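**Q** The structure's right below; bear with me while I get my questions together.
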Amino acid sequence: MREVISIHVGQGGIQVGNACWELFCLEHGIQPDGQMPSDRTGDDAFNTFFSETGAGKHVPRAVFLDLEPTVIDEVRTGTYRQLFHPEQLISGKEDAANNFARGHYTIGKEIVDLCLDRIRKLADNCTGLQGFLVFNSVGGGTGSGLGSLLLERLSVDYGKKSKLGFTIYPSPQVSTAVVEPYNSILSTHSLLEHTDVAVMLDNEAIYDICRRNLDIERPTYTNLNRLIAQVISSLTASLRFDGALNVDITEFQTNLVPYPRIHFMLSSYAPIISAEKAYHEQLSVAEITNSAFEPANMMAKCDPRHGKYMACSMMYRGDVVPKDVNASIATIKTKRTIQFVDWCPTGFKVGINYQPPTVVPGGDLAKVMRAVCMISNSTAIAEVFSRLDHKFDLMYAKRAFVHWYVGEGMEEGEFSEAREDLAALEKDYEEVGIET
Amino acid sequence: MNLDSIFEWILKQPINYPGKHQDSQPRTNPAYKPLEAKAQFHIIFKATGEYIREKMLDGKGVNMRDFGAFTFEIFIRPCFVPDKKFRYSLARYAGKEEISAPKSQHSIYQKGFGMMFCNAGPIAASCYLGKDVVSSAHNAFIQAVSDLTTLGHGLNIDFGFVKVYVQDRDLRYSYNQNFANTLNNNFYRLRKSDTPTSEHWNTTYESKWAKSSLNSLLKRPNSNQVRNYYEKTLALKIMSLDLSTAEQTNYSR
Amino acid sequence: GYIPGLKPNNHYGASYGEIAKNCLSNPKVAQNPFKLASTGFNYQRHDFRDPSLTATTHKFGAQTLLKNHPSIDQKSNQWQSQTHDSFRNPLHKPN
Amino acid sequence: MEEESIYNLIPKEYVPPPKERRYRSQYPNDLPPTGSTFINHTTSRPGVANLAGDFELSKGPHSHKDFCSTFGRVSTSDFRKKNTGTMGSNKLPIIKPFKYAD
Amino acid sequence: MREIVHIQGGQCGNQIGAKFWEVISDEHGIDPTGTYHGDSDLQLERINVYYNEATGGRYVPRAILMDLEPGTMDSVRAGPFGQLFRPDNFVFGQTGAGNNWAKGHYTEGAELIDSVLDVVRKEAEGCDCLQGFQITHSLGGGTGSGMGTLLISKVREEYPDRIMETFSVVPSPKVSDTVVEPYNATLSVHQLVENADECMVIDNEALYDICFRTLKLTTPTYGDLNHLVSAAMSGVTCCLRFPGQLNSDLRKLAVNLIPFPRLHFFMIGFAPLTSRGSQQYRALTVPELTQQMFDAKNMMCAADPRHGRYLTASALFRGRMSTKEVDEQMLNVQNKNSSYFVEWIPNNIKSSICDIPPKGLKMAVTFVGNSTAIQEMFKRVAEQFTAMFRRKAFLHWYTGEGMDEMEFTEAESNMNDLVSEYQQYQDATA
Ligand SMILES: Nc1nc2c(ncn2[C@@H]2O[C@H](COP(=O)(O)OP(=O)(O)OP(=O)(O)O)[C@@H](O)[C@H]2O)c(=O)[nH]1
Ligand SMILES: Nc1nc2c(ncn2[C@@H]2O[C@H](COP(=O)(O)OP(=O)(O)O)[C@@H](O)[C@H]2O)c(=O)[nH]1
Ligand SMILES: [Mg+2]
C-alpha cells in the first residue's frame, strides 16, 4: 500500500532508469512482457513499484521525459516495448542543445503541463504515496532545465510530499561538455530550496571504483548505471521486504538532515568485488563496513578525511546479525582516522533487511550473501562546490558563451544571484562544522 | 496621384507594406538631424532622380529591379521599356517591341547597351542614410502594381527629368527636350580607349565624388554649431526641473 | 520515426498501430527485382528505361500515365468497411 | 484598518541590508582526488593516485604535465660552452646542519 | 523530425553535392533507382532527414541544384546516381557569370533567384520540423560566391531561428587558377561572416597534400577530394541520423563551439586516413584515432593549427566504443599541450559517440576545431587584395556592373578588423 514514484528526465536519467527497472523486474520476477514468468507457476511485494492493471500485466510507476526523440523511440523499439504505458514515455521534438535557458523558458513549458497531467494521473491512483524519486543529468540543458521546472511545480502542487534527488554533477577535471558549469550552478540554485535529499553520483568516482575493483579496463555507462541501480535497490528494499530493523523513506530526512539548508550528501557501497577474486576473502560484516567507510570507495569524488561527519545511515541486506553490526560500529567509532562533529555523540542509523541482493545476467558484480550501502552527511562536500565555483569564475569574467543564454529569454542577473547562492551554500557548511 | 498620393497610400497602412521606411531612422552623420517618414521618403526619391540622369548622361543606362528600365536606342533616343512583372499589371497596354534585339539577347541587361543597377550605396551616402533603409524604401514604392491593378488611379510619376503617365492600364511617357538635345550633341562616352589608362589609380574617389552632381542637394550645416546647440539644449533638458533654488541672490542687481 | 507506407499512399480510417502493422508486414520495401547495388556498379549494368512509351505528333500528345494507379480493385467504401465476421479474431492469440 | 493623518505623507523609503559577503572558501581550487587513476599514464604510479589525501601531491621524476609533449615543434654562433650540460661541472653544493630527530 | 534540406550552387558546389549524395545513398542503402535495401532496421528510421517519400516507394533527396549555366548539371545528371536529383528543383540561366562576383550577385543572381527562393520555401514548408540548411559552394567562382551568399542572406532573413551551415572552398594563393580570386573571395567573406551561423573552410591544396602524403596514391583526382569532403560532411550528421552513447545535433555543436558570435570559422578533419599498403601494420585504437585527429597534417586547411591556440574543439566518434578511452585521450591530450590551449576556458573539448562506423570500417572520427590559427589565411588573402587593389587592376569589370570602390573599402575594413579582434583573444590572459 506504499508507493514511490520515480521521475526520469534527460538522457542520463533515462539510461539509469533503464538499468533500475531491469533490476526491479528481475528482482520481482516480472518478465519484460510485464507478466509473471510464464505458465511455470503472489506475495504482494511488487506493489511498491508496480500496480495491477486488473487483467494480467503490471505497469511500472514511472514516467520518462526527454526532448530528444532518439532515446525514447529506441526504448520503444527495444524488448521492453510491452512493459510501459504508451503515453508514459513522453518525448519532445527538438533538443535543448545543452542550453539551460532553452529548457527552462522556451521549450520545456510546452511539455511540463503534459508531464503534470501524467504525474497526477499516476499519483491519484496510489493511496499510500511515500514520496518521489528524480534522476537527472545536471551537466545537460534539457536535463537541468526540466528537472528545475518539475521540482518547482511539484513543490507548489503537492506541499509536504518528500522528494529525493540523485543528481550527477560534472567531475573535477574530466568531462564531455564545455559549458556545463553554467547550467550546473543554475540547477544548483533551482534544487537547493526545492529538493529534500540530494545524493551525489559523480562519474569519475564510479570509473575509479570499476577500474580498481572490477578489474575492467574498458568500462562504459552500463556498469555505472548498474551500480547506481544497485544503490537504489539497496535503499528501497526496506519498503518492500521483511527485515529485522526497518527504515521507511520518511526515516531518512529525520535522521540525516540536521538543518533544512544542509541536505547535500554522498553515498557508498560495499562489497564491489569481481568474481575472479570475489570470495577468496571472508566478507565478514566487519571488513565490508570497513571497505564502505574506506575513503577510496566514495561514489562521489570527495575526501571525507578533509572534514567532520554529521550523520551516517547504513543498511545491511543479507544474513547480518545486530550484534555483529554493533561490534563493527564500535570498532569504527574507536578508529581515529574518522572523526565526528562534537554536537553529534551518536550518529549512526542502522537498518537490516533479509533479502539478499539479486544478480543480473551480463553483470560484473558477484552473488553476495552480504552487502551494505551507506549514505553519509559530511562537511567535506564543500570541496566540490569550491572547485566548481572556480571553474565558472574563469569563463564568466570574459562574458564567454553568455550571449547564448541571454538570447533565449534569460535575464542577465541570473548568473550573479546563482553565484551568490553558491557562496551562501558554502557559507553554511564551514560555519556549522567548527567546534563551539 | 501626383507622386505624393503614392507616398500617402504607402504610409497609411503599415501592415500591407511593412519595412524600415515606415518610421524615422537616424542619420549616418550626427551633424544632420533625422527626418520624418514622409520627408525622408521624398528625399530619397529626389536623390535617385538626380542619380539616374548622371549615369544616363554617360553612355551607360540604368534600370530598376522590377519597375521598368531607363535605356536608349542607337541607330540615341530613350524609351523606358517596362519590366515583365510591371507588364503583367497592365491589361490594355499593347506589347509593341521598341528595341530590335535577336534571340541571342534575352536578358534585359544583355539587350541593353550600358545597363546599370541604381545601387543603394551612392543613394545612402548622398542622403546620409543606411543602405538597408533605402533598399526597403525602393521595394515599398516599387509595389505600385497593387495600386495599378485597381481600376483608375492615374499616375504621373516625375522624380526628375522623365515624365511618365499611367492611365487605367495604358502607359505613355514624355521626356525633357533639353535632356533629349543633350544626348544628341560629344557622345567619347560610348568608347573606352579615349582615356589614357593612367588616372584610374592617380585620381581618388573623393575627387570624383566632390565634383559629382550628388552631395549638393542639401545644405551643409555647421557641425560645431548644431552640436553646441544640442549639447546646450540637453543641458537644459535634464536639470531645468527646479527653478526655486537660488544660492545666489543679488537683491540690488 | 518514419513508418514507411503511411505518407506516400495515404492510409484510410484505422488505428495507427493497426495501419503500421499492416504496412510493415506487407511485402516489398525490400528485394531487388532489378538487382542493383548501392555501391555503384549495377547502375552502369542497368539501362534505366521506362516501358510505357509509344509515339506522338499530328494527332494527340498527352500520353497515358504511369502505372502508379490501381486497377480492377475499384470497389466501394461500404464494401471494405462493413463485413460481418470474415476477419481475423481480434482476441484469439492461441495460448 | 487604516487611519488618515498628515504624518503619513512622504512615505518612508526602502532600506534593505546593503550586501552579504561575497564568499569565504578555505579549500584550494585544485584538489587532486585521492584515488584518481586518470593520471598515471607515462608515470611510475602502479595504477593508483596519491591515495593519501594530500593537497599538494608532489611529483618526482616522471610527473604528468608537459607544455608541448606531442606536437611541439612549429644558430651557428650560439652553442654549448663548458658546463651547460647536466653531466658537466663536477662540483657539489654546500652543507646544512640538518635535523633528523624531528 | 529535425530534417535538413540541401542547397548547392556553382560548379564546385554541384561537384561536392554529387559525391555527397552518392555517399549518403550508399550509407543508407539507396540504389540509383531509389529503392531502399538496407540490411538493418534503423537505416530507414531516420532516412526522412534527407530523403522524401513519393508514390511508387522510391526515395528522393530534398536537394536544390542551381547555377547560371546548365553545363554542369546536364553532366552531373548523366553521372552515377544522377536520376536521384529532380529536374523540378533544377533552376538554370543561359549566360553564366564568368568568374565575376558582380554578375553572379547583382545582374543574373537577382533576376533568377526568385524561383529558387520559391522552391526552397516549398521544400521548407513541406518539411515538418526543419533543423536547418546546409550549402556547398566555392569562393573563387563568380556565380557561386555571389549567388550562394545572396541566397544565404535571403533565407537567413526569412528563417532567422533556423540554423545555417556552409562548406566553403577558400581560394589558395599557391595554386590559383583565377587572377581575380582576392576580390570575390573578400566580397563573399564580408557577407558570410555576417550571415552564416557556422562556416567550415576547405582548401584544395591541403587536400592535395593530404592525398599525396597520407594515402600515398600517385594520381589524385577531384573524385578523391570530393569523397573526403563528403565523408567529413556525413561525419557531422552521423550522430543526428543514428543512435549513440552521446547524441549531438548541429545546434548542440554551435553552443559548444561559438564563444562569441563573430568567431564562427572552423577547420575540419577526418580519421583514419591510411595508405592502403600500411593499415595491415597500423592498429585501430582510440589513441591512434586521437593522434591522427590532432596531427596538423591531417587538417583540411592550409593553416597550421600549431601557429595559434585552440579556443575549442569538437570530436565526433563513430562506432561501438565506451566513453572511457575517448575521454581519457581527450583529457591527456589537453593536459599535455597546455601551450596550444587557451587557459581562461577549462576543458574546451567536446566528445560525442555514435554507434555507426562507415561501411567497411570499425572506428572513425570527425574533427571540428575552432583555433586562432585561421587568421593567417585571412591575412595572406588581404595582402594580395590590397596589393592588387592599389593599382586598380581589373576594377573596370566590377565598376561597370553597379559597384564602386566604397564597397571594397568597407569589405576590406571589416576583414582586417575581424582579423584583429580574432587574434585579440589569442594573447588574452586570465
Ligand atoms: N553516469 C552517467 N551519466 C550520463 C549518462 N548519459 C549521460 N550522462 C550525463 O549527461 C551529461 C550530458 O547530458 P546528456 O545525457 O547528453 O543529455 P541531457 O542531460 O538530457 O541534456 P541534452 O544534451 O541537452 O539533451 C554528461 O555530462 C553525462 O555526465 C550515463 O549513461 N551515465
Ligand atoms: N574540391 C573541388 N574543388 C573544385 C572542383 N571544381 C572546381 N573547384 C574549385 O573551384 C574553383 C573555381 O570555381 P568556379 O568553377 O569558378 O565556381 P563557379 O563560378 O561558381 O562555377 C577552383 O579554384 C577549384 O579549386 C571540384 O570538383 N572539387
Ligand atoms: Mg541529451
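Chain lettering (A, B, ...) mirrors the order of the C-alpha cells, residue numbering begins at 1 for each chain separately, and ligand numbering begins at 1 in order of display.
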Could you please extract the residues within 6 Å of ligand 1, counting only C-alpha atoms and all ligand atoms, and hand them back as a list in words?

**A**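 The residues near ligand 1 are residues 10, 11, 12, 15, 95, 96, 97, 98, 137, 139, 140, 141, 142, 143, 176, 203, 221, 224 and 225 of chain A; 246 of chain E.
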
**Q** Give me, as a PDB file with N, CA, C and O atoms, in the first residue's frame, all polymer residues having an atom no more than 12 Å from range 111-116 of chain B, counting only C-alpha atoms and skipping those fewer than 5 positions away in the same chain.

**A**
```
ATOM      1  N   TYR B  51      20.498  60.823 -59.426  1.00  0.00           N
ATOM      2  CA  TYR B  51      21.460  59.771 -59.740  1.00  0.00           C
ATOM      3  C   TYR B  51      21.219  59.209 -61.137  1.00  0.00           C
ATOM      4  O   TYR B  51      22.172  58.873 -61.852  1.00  0.00           O
ATOM      5  N   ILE B  52      19.948  59.105 -61.543  1.00  0.00           N
ATOM      6  CA  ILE B  52      19.607  58.420 -62.790  1.00  0.00           C
ATOM      7  C   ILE B  52      20.182  59.158 -63.996  1.00  0.00           C
ATOM      8  O   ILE B  52      20.835  58.546 -64.851  1.00  0.00           O
ATOM      9  N   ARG B  53      19.974  60.479 -64.087  1.00  0.00           N
ATOM     10  CA  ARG B  53      20.446  61.181 -65.280  1.00  0.00           C
ATOM     11  C   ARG B  53      21.969  61.216 -65.325  1.00  0.00           C
ATOM     12  O   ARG B  53      22.563  61.081 -66.398  1.00  0.00           O
ATOM     13  N   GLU B  54      22.613  61.386 -64.167  1.00  0.00           N
ATOM     14  CA  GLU B  54      24.067  61.485 -64.120  1.00  0.00           C
ATOM     15  C   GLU B  54      24.723  60.237 -64.697  1.00  0.00           C
ATOM     16  O   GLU B  54      25.695  60.329 -65.458  1.00  0.00           O
ATOM     17  N   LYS B  55      24.205  59.060 -64.348  1.00  0.00           N
ATOM     18  CA  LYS B  55      24.606  57.849 -65.052  1.00  0.00           C
ATOM     19  C   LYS B  55      24.122  57.865 -66.498  1.00  0.00           C
ATOM     20  O   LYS B  55      24.856  57.446 -67.399  1.00  0.00           O
ATOM     21  N   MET B  56      22.900  58.352 -66.735  1.00  0.00           N
ATOM     22  CA  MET B  56      22.343  58.386 -68.083  1.00  0.00           C
ATOM     23  C   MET B  56      23.009  59.438 -68.962  1.00  0.00           C
ATOM     24  O   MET B  56      23.008  59.291 -70.188  1.00  0.00           O
ATOM     25  N   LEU B  57      23.577  60.496 -68.370  1.00  0.00           N
ATOM     26  CA  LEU B  57      24.358  61.446 -69.157  1.00  0.00           C
ATOM     27  C   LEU B  57      25.554  60.768 -69.809  1.00  0.00           C
ATOM     28  O   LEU B  57      26.007  61.196 -70.877  1.00  0.00           O
ATOM     29  N   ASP B  58      26.079  59.721 -69.182  1.00  0.00           N
ATOM     30  CA  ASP B  58      27.103  58.895 -69.794  1.00  0.00           C
ATOM     31  C   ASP B  58      26.463  57.896 -70.756  1.00  0.00           C
ATOM     32  O   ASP B  58      25.243  57.851 -70.933  1.00  0.00           O
ATOM     33  N   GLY B  59      27.306  57.079 -71.385  1.00  0.00           N
ATOM     34  CA  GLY B  59      26.813  56.078 -72.314  1.00  0.00           C
ATOM     35  C   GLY B  59      26.136  54.889 -71.661  1.00  0.00           C
ATOM     36  O   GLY B  59      25.673  53.995 -72.377  1.00  0.00           O
ATOM     37  N   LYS B  60      26.071  54.858 -70.333  1.00  0.00           N
ATOM     38  CA  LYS B  60      25.565  53.704 -69.602  1.00  0.00           C
ATOM     39  C   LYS B  60      24.196  54.013 -69.005  1.00  0.00           C
ATOM     40  O   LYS B  60      24.037  55.002 -68.282  1.00  0.00           O
ATOM     41  N   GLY B  61      23.214  53.166 -69.306  1.00  0.00           N
ATOM     42  CA  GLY B  61      21.852  53.341 -68.832  1.00  0.00           C
ATOM     43  C   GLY B  61      21.606  52.561 -67.554  1.00  0.00           C
ATOM     44  O   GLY B  61      22.405  51.704 -67.177  1.00  0.00           O
ATOM     45  N   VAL B  62      20.486  52.850 -66.896  1.00  0.00           N
ATOM     46  CA  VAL B  62      20.169  52.266 -65.597  1.00  0.00           C
ATOM     47  C   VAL B  62      18.768  51.670 -65.646  1.00  0.00           C
ATOM     48  O   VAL B  62      17.936  52.057 -66.472  1.00  0.00           O
ATOM     49  N   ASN B  63      18.514  50.709 -64.759  1.00  0.00           N
ATOM     50  CA  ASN B  63      17.197  50.106 -64.628  1.00  0.00           C
ATOM     51  C   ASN B  63      16.924  49.784 -63.165  1.00  0.00           C
ATOM     52  O   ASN B  63      17.830  49.775 -62.329  1.00  0.00           O
ATOM     53  N   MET B  64      15.657  49.525 -62.866  1.00  0.00           N
ATOM     54  CA  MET B  64      15.239  49.085 -61.545  1.00  0.00           C
ATOM     55  C   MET B  64      15.062  47.570 -61.531  1.00  0.00           C
ATOM     56  O   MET B  64      15.009  46.914 -62.573  1.00  0.00           O
ATOM     57  N   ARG B  65      14.978  47.014 -60.319  1.00  0.00           N
ATOM     58  CA  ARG B  65      14.848  45.568 -60.182  1.00  0.00           C
ATOM     59  C   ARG B  65      13.555  45.061 -60.808  1.00  0.00           C
ATOM     60  O   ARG B  65      13.556  44.043 -61.510  1.00  0.00           O
ATOM     61  N   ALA B  69      12.903  50.157 -67.125  1.00  0.00           N
ATOM     62  CA  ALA B  69      14.323  50.229 -67.443  1.00  0.00           C
ATOM     63  C   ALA B  69      14.628  51.462 -68.281  1.00  0.00           C
ATOM     64  O   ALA B  69      14.117  51.600 -69.396  1.00  0.00           O
ATOM     65  N   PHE B  70      15.475  52.353 -67.770  1.00  0.00           N
ATOM     66  CA  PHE B  70      15.852  53.565 -68.494  1.00  0.00           C
ATOM     67  C   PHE B  70      16.967  53.205 -69.466  1.00  0.00           C
ATOM     68  O   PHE B  70      18.140  53.135 -69.091  1.00  0.00           O
ATOM     69  N   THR B  71      16.600  52.981 -70.724  1.00  0.00           N
ATOM     70  CA  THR B  71      17.529  52.565 -71.763  1.00  0.00           C
ATOM     71  C   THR B  71      17.541  53.621 -72.861  1.00  0.00           C
ATOM     72  O   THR B  71      16.912  54.676 -72.745  1.00  0.00           O
ATOM     73  N   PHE B  72      18.275  53.334 -73.935  1.00  0.00           N
ATOM     74  CA  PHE B  72      18.259  54.176 -75.121  1.00  0.00           C
ATOM     75  C   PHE B  72      18.594  53.320 -76.332  1.00  0.00           C
ATOM     76  O   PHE B  72      19.252  52.282 -76.222  1.00  0.00           O
ATOM     77  N   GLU B  73      18.132  53.771 -77.494  1.00  0.00           N
ATOM     78  CA  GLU B  73      18.290  53.043 -78.746  1.00  0.00           C
ATOM     79  C   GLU B  73      19.255  53.794 -79.651  1.00  0.00           C
ATOM     80  O   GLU B  73      19.137  55.013 -79.818  1.00  0.00           O
ATOM     81  N   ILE B  74      20.203  53.066 -80.235  1.00  0.00           N
ATOM     82  CA  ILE B  74      21.213  53.631 -81.120  1.00  0.00           C
ATOM     83  C   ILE B  74      20.993  53.075 -82.520  1.00  0.00           C
ATOM     84  O   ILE B  74      20.846  51.860 -82.698  1.00  0.00           O
ATOM     85  N   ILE B  76      20.476  58.294 -80.743  1.00  0.00           N
ATOM     86  CA  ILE B  76      20.263  57.999 -79.333  1.00  0.00           C
ATOM     87  C   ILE B  76      18.902  58.525 -78.895  1.00  0.00           C
ATOM     88  O   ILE B  76      18.665  59.733 -78.898  1.00  0.00           O
ATOM     89  N   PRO B  78      15.849  57.542 -75.845  1.00  0.00           N
ATOM     90  CA  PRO B  78      15.378  56.670 -74.766  1.00  0.00           C
ATOM     91  C   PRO B  78      13.885  56.380 -74.857  1.00  0.00           C
ATOM     92  O   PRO B  78      13.107  57.136 -75.442  1.00  0.00           O
ATOM     93  N   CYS B  79      13.496  55.252 -74.259  1.00  0.00           N
ATOM     94  CA  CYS B  79      12.094  54.838 -74.273  1.00  0.00           C
ATOM     95  C   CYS B  79      11.544  54.384 -72.927  1.00  0.00           C
ATOM     96  O   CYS B  79      10.325  54.466 -72.735  1.00  0.00           O
ATOM     97  N   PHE B  80      12.373  53.928 -71.986  1.00  0.00           N
ATOM     98  CA  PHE B  80      11.921  53.422 -70.686  1.00  0.00           C
ATOM     99  C   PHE B  80      10.942  52.255 -70.883  1.00  0.00           C
ATOM    100  O   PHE B  80       9.736  52.343 -70.647  1.00  0.00           O
ATOM    101  N   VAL B  81      11.500  51.163 -71.397  1.00  0.00           N
ATOM    102  CA  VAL B  81      10.744  49.923 -71.563  1.00  0.00           C
ATOM    103  C   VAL B  81      10.397  49.374 -70.182  1.00  0.00           C
ATOM    104  O   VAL B  81      11.201  49.498 -69.247  1.00  0.00           O
ATOM    105  N   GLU B  98      10.015  47.796 -78.867  1.00  0.00           N
ATOM    106  CA  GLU B  98      10.699  49.058 -79.130  1.00  0.00           C
ATOM    107  C   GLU B  98      12.122  48.843 -79.639  1.00  0.00           C
ATOM    108  O   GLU B  98      12.475  49.313 -80.724  1.00  0.00           O
ATOM    109  N   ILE B  99      12.943  48.138 -78.869  1.00  0.00           N
ATOM    110  CA  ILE B  99      14.336  47.902 -79.229  1.00  0.00           C
ATOM    111  C   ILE B  99      14.425  46.584 -79.987  1.00  0.00           C
ATOM    112  O   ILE B  99      13.890  45.561 -79.542  1.00  0.00           O
ATOM    113  N   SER B 100      15.087  46.612 -81.140  1.00  0.00           N
ATOM    114  CA  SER B 100      15.206  45.441 -82.002  1.00  0.00           C
ATOM    115  C   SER B 100      16.396  44.607 -81.538  1.00  0.00           C
ATOM    116  O   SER B 100      17.551  45.014 -81.703  1.00  0.00           O
ATOM    117  N   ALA B 101      16.113  43.445 -80.961  1.00  0.00           N
ATOM    118  CA  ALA B 101      17.131  42.533 -80.473  1.00  0.00           C
ATOM    119  C   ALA B 101      16.833  41.123 -80.955  1.00  0.00           C
ATOM    120  O   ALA B 101      15.667  40.757 -81.135  1.00  0.00           O
ATOM    121  N   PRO B 102      17.867  40.304 -81.172  1.00  0.00           N
ATOM    122  CA  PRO B 102      17.636  38.935 -81.643  1.00  0.00           C
ATOM    123  C   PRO B 102      17.435  37.946 -80.505  1.00  0.00           C
ATOM    124  O   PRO B 102      17.428  38.328 -79.330  1.00  0.00           O
ATOM    125  N   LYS B 103      17.266  36.668 -80.851  1.00  0.00           N
ATOM    126  CA  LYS B 103      17.032  35.636 -79.847  1.00  0.00           C
ATOM    127  C   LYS B 103      18.223  35.443 -78.917  1.00  0.00           C
ATOM    128  O   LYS B 103      18.039  34.973 -77.789  1.00  0.00           O
ATOM    129  N   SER B 104      19.432  35.787 -79.363  1.00  0.00           N
ATOM    130  CA  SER B 104      20.611  35.629 -78.516  1.00  0.00           C
ATOM    131  C   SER B 104      20.528  36.525 -77.287  1.00  0.00           C
ATOM    132  O   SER B 104      20.868  36.111 -76.174  1.00  0.00           O
ATOM    133  N   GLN B 105      20.075  37.761 -77.473  1.00  0.00           N
ATOM    134  CA  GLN B 105      19.997  38.739 -76.394  1.00  0.00           C
ATOM    135  C   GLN B 105      18.629  38.615 -75.732  1.00  0.00           C
ATOM    136  O   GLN B 105      17.643  39.184 -76.214  1.00  0.00           O
ATOM    137  N   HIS B 106      18.566  37.874 -74.625  1.00  0.00           N
ATOM    138  CA  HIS B 106      17.302  37.585 -73.956  1.00  0.00           C
ATOM    139  C   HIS B 106      17.103  38.378 -72.672  1.00  0.00           C
ATOM    140  O   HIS B 106      16.007  38.896 -72.439  1.00  0.00           O
ATOM    141  N   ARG B 189      31.895  59.049 -75.018  1.00  0.00           N
ATOM    142  CA  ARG B 189      31.252  58.309 -73.937  1.00  0.00           C
ATOM    143  C   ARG B 189      31.092  56.834 -74.284  1.00  0.00           C
ATOM    144  O   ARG B 189      31.266  55.966 -73.421  1.00  0.00           O
ATOM    145  N   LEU B 190      30.757  56.532 -75.540  1.00  0.00           N
ATOM    146  CA  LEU B 190      30.494  55.148 -75.928  1.00  0.00           C
ATOM    147  C   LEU B 190      31.757  54.298 -75.842  1.00  0.00           C
ATOM    148  O   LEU B 190      31.740  53.202 -75.269  1.00  0.00           O
ATOM    149  N   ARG B 191      32.859  54.783 -76.405  1.00  0.00           N
ATOM    150  CA  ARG B 191      34.092  54.013 -76.420  1.00  0.00           C
ATOM    151  C   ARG B 191      34.865  54.198 -75.115  1.00  0.00           C
ATOM    152  O   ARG B 191      34.624  55.127 -74.341  1.00  0.00           O
TER     153      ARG B 191
ATOM    154  N   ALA E 102      30.263  40.438 -59.457  1.00  0.00           N
ATOM    155  CA  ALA E 102      29.174  41.356 -59.771  1.00  0.00           C
ATOM    156  C   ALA E 102      28.086  40.669 -60.584  1.00  0.00           C
ATOM    157  O   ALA E 102      26.894  40.827 -60.298  1.00  0.00           O
ATOM    158  N   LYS E 103      28.477  39.900 -61.602  1.00  0.00           N
ATOM    159  CA  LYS E 103      27.488  39.232 -62.442  1.00  0.00           C
ATOM    160  C   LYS E 103      26.716  38.176 -61.662  1.00  0.00           C
ATOM    161  O   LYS E 103      25.497  38.045 -61.822  1.00  0.00           O
ATOM    162  N   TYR E 106      24.531  40.445 -58.679  1.00  0.00           N
ATOM    163  CA  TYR E 106      23.699  41.615 -58.925  1.00  0.00           C
ATOM    164  C   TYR E 106      22.798  41.463 -60.141  1.00  0.00           C
ATOM    165  O   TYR E 106      21.577  41.618 -60.021  1.00  0.00           O
ATOM    166  N   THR E 107      23.360  41.164 -61.312  1.00  0.00           N
ATOM    167  CA  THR E 107      22.560  41.161 -62.539  1.00  0.00           C
ATOM    168  C   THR E 107      21.787  39.854 -62.729  1.00  0.00           C
ATOM    169  O   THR E 107      20.557  39.859 -62.816  1.00  0.00           O
ATOM    170  N   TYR E 398      34.259  45.264 -62.570  1.00  0.00           N
ATOM    171  CA  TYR E 398      33.360  45.333 -61.424  1.00  0.00           C
ATOM    172  C   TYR E 398      32.583  46.644 -61.381  1.00  0.00           C
ATOM    173  O   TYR E 398      31.385  46.644 -61.079  1.00  0.00           O
ATOM    174  N   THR E 399      33.236  47.769 -61.678  1.00  0.00           N
ATOM    175  CA  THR E 399      32.553  49.054 -61.628  1.00  0.00           C
ATOM    176  C   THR E 399      31.651  49.282 -62.829  1.00  0.00           C
ATOM    177  O   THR E 399      30.845  50.220 -62.809  1.00  0.00           O
ATOM    178  N   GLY E 400      31.762  48.459 -63.868  1.00  0.00           N
ATOM    179  CA  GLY E 400      30.795  48.526 -64.938  1.00  0.00           C
ATOM    180  C   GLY E 400      29.487  47.834 -64.648  1.00  0.00           C
ATOM    181  O   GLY E 400      28.584  47.858 -65.488  1.00  0.00           O
ATOM    182  N   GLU E 401      29.355  47.216 -63.476  1.00  0.00           N
ATOM    183  CA  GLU E 401      28.151  46.485 -63.100  1.00  0.00           C
ATOM    184  C   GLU E 401      27.709  46.835 -61.684  1.00  0.00           C
ATOM    185  O   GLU E 401      27.404  45.954 -60.874  1.00  0.00           O
ATOM    186  N   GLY E 402      27.676  48.128 -61.359  1.00  0.00           N
ATOM    187  CA  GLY E 402      26.923  48.632 -60.232  1.00  0.00           C
ATOM    188  C   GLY E 402      27.722  48.945 -58.982  1.00  0.00           C
ATOM    189  O   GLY E 402      27.233  49.700 -58.133  1.00  0.00           O
ATOM    190  N   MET E 403      28.921  48.397 -58.837  1.00  0.00           N
ATOM    191  CA  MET E 403      29.686  48.577 -57.612  1.00  0.00           C
ATOM    192  C   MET E 403      30.742  49.664 -57.776  1.00  0.00           C
ATOM    193  O   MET E 403      31.201  49.963 -58.881  1.00  0.00           O
TER     194      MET E 403
END
```

**Q** Do me a favour and pick out the residues of chain C within 12 Å of chain A, using only C-alpha atoms, as a list in words.

**A**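 Result, ordered by chain then number: residues 1, 2, 17 and 95 of chain C.
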
**Q** Give me the residues near residue 35 in chain C as a ChimeraX atom specification, where near means some atom within 10 Å (using only C-alpha atoms) and where sequence neighbours in that chain fewer than 5 positions away do not count.

**A** /C:42-43,45-46 /E:31

**Q** With a distance cut-off of 10 Å and only C-alpha atoms, select the neighbouring residues of residue 65 in chain A, excluding the residue or stretch itself and same-chain residues fewer than 3 positions from it, and output the selection as a list in words.

**A**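 Once the nearby chain positions are removed, what remains is residues 7, 8, 9, 10, 11, 13, 14, 68, 69, 72, 88, 89, 90, 91, 92, 111, 112, 115, 136, 142, 143, 146 and 147 of chain A.
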
**Q** What residues in range 2-244 of chain B get the DSSP label strand (DSSP E)? Please answer as a ChimeraX atom specification.

**A** /B:62-63,69-70,72-73,77-78,155-157,162-166,171-175

**Q** Could those selected residues go to a file with C-alpha atoms, as a short mmCIF file (atom, residue, chain, number, x, y, z; two decimals), in the first residue's frame?

**A**
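The result, written out as result.cif:
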```
data_model
loop_
_atom_site.label_atom_id
_atom_site.label_comp_id
_atom_site.auth_asym_id
_atom_site.auth_seq_id
_atom_site.Cartn_x
_atom_site.Cartn_y
_atom_site.Cartn_z
CA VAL B 62 20.17 52.27 -65.60
CA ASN B 63 17.20 50.11 -64.63
CA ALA B 69 14.32 50.23 -67.44
CA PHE B 70 15.85 53.56 -68.49
CA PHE B 72 18.26 54.18 -75.12
CA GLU B 73 18.29 53.04 -78.75
CA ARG B 77 16.67 58.01 -78.11
CA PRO B 78 15.38 56.67 -74.77
CA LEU B 155 -0.20 58.08 -62.01
CA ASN B 156 2.21 60.75 -63.27
CA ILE B 157 5.46 59.80 -61.52
CA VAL B 162 11.34 61.79 -67.05
CA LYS B 163 7.58 62.36 -67.12
CA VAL B 164 5.68 59.04 -67.20
CA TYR B 165 1.87 58.87 -67.26
CA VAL B 166 -0.17 55.83 -66.23
CA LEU B 171 1.29 53.57 -70.43
CA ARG B 172 2.62 56.75 -72.05
CA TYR B 173 5.60 58.93 -71.23
CA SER B 174 7.24 62.24 -72.08
CA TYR B 175 10.84 63.44 -71.80
#
```
